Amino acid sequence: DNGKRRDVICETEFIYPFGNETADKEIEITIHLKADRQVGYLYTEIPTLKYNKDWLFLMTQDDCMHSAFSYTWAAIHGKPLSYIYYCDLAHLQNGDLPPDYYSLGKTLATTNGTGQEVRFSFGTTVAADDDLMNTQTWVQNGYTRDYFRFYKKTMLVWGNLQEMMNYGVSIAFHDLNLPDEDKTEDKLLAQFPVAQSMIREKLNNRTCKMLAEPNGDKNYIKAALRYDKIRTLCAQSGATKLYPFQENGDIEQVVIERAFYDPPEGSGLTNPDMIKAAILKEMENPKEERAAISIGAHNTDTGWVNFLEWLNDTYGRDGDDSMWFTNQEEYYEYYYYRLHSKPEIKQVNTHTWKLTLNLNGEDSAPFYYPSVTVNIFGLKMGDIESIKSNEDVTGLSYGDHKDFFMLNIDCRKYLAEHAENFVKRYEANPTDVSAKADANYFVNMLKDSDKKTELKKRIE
């Protein structure tokens, strides 16, 4: 019965198996050359930014906000949007949409430089030790007497966050659920693993490794530094300003600077206006001198939706494609790989070369973004007869970039199974255009294989 009110716990039907992700990857890519294209010497590097991007935009949305799902995630991923209301996942699943709903008509993305879409990525903080994440959602198709079921909740419900995990959204600690008088360094330290246990229980055993400092409270940074699961942190002050082409040290347990760009009072400007102005100023510098645009957000809204579209249209897929728009966790892992991994390429015979590198995350937990870019200097796509890869490589795209050759290598252990889960969702909702688009997006992440061919056929 479509018309009957239901009050449900929002749930998604699969979550990537973060707890099962392998910590250590061994990449072996065999490049067989055409007969009259024998090259003499090749050498390799991991570039400063993934996909050979010129500059970095980091986004972390604080306070575990409903709008992180209803506005930020929905706008990026081509989902129904509202101007004043706040959908939960169960509304989208059931087609119970607010009375002003609309869609942008596209996802918001860069490319990877080798012909594939990379949707914008961001992180949200989590109030995992707060029972308000267990709030129910009122679903009632066709009910128009009121729209109270679409009002802003005080925070994300778990199901919304669980679904966001399937799209690579990251997580961070923020406030912990203790009485204010108990927010001492020692008591916050004891409460971190309590919140972590709830994160792991709800997010298919993903371990949170980031702290976004709350309200300038340095007790959170001091406590977090004694909790070794936290590897990366952000704050507005007492931090390090990130210059991606200059930063040379370890950033393990380093507080990265992140700004909210609040507008002057009574100025009528918005946070997106301020960030846009900061971006324009920063782009006037050569890329090597640019700071990262490292932003925090609180509530996101229509102005933020339009700003994300502006980024897409200006520096993303529909503009100059120069930006890497990601979350701080993915960046942290990539920087770690660039510091510690050493790609090597060896000639096996006159026409065959073998590229190897290891991706090994830190001892605390499996890294969750085990993908890199490798550049090969001296090689062009036109030289290549075939490329093959070993089992640890699950996504592989490649092509020319400037005067060299680039490979985007994804080693997420369960990526093919994840794509198939999106295919199955489309098959169960074949009239949902967005479900089909998501299926195509995830299947296109896979390297060429029988499984990729099977899944493409299922989504023709």
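Just count from 1 along the sequence shown to find any residue number.
Remark: stretch with higher mean C-alpha B factor among 222-230 and 267-275 is 267-275. Look at the mean CA B-factor for 208-216 and for 318-326 in the entry; the higher one is 208-216. The residue among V169, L357, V348, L132 whose C-alpha carries the highest B-factor in the deposited model is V348. The PDB entry assigns its highest CA temperature factor, among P370, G123, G78, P179, to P179. For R37, the recorded CA temperature factor ranks within the highest third of the chain's modelled residues. The deposited CA B-factor of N285 belongs to the highest third of values across its chain.
Looking at the C-alpha B-factors along this chain, the one for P99 belongs to the lowest third. In this PDB entry, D392 carries a Cα temperature factor that places it within the middle third of its chain's modelled residues.
Per the PDB record, residue ranking by Cα B-factor puts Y151 in the lowest third of the chain.
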